[PDB]
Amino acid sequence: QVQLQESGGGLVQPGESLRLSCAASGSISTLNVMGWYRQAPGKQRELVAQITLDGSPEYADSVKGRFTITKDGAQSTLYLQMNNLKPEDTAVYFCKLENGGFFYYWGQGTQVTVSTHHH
């Protein structure tokens, strides 16, 4: 009934930038909250960034000032712009959608790996 697909995961060097995308589809209410979450292995899922109902973005302390979250209304896509990546940002990244206040949904996740390339 509501589906979420993350895209843009991959390999990145520390200090580089990367943008992730969450295409949402299905029967989405006008009242919904979307967010980005991540999970490093052995650690628990952690809020990364979300946009409140009133529109104002919020950020986890570990990414505040380095990540930007924006919501493309037309193309129902939630964007996470990730700057100055560090090795600690390596994780599986997930979007969430809380629909109408009654259900919430998760994507499958996409892997972001921050590692130095070997030339």
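In case it trips you up, residue 1 is the first one in the sequence shown, and so on.
Quiz item: Comparing 70-78 with 30-38, which stretch shows the greater average C-alpha B-factor in the deposited entry?
Solution: It is 70-78 that shows the higher mean C-alpha B-factor.
Quiz item: residue 47: which third of its chain by C-alpha temperature factor?
Solution: Lowest third, going by the recorded CA B-factors of the chain.
Self-check item: Assigned third (lowest, middle, highest) for the C-alpha B factor of residue 65
Solution: According to the entry, residue 65 has a C-alpha B-factor in the chain's lowest third.
Exercise. Consider only the C-alpha atoms of the modelled residues in this chain, order them by B-factor as the entry records it, and name the third containing residue 23: lowest, middle or highest.
Key: As the PDB entry reports it, the C-alpha B-factor of residue 23 lands in the middle third of its chain.
Exercise. Taking the chain's C-alpha temperature factors as the reference, tell me which third residue 88 falls into: lowest, middle or highest.
Key: According to the entry, residue 88 has a C-alpha B-factor in the chain's middle third.
Exercise. Would you please rank residue 110 by its C-alpha temperature factor against the other modelled residues of its chain and give the third it falls in: lowest, middle or highest?
Key: Within its chain, residue 110 is a lowest-third residue by C-alpha B-factor, going by the deposited values.
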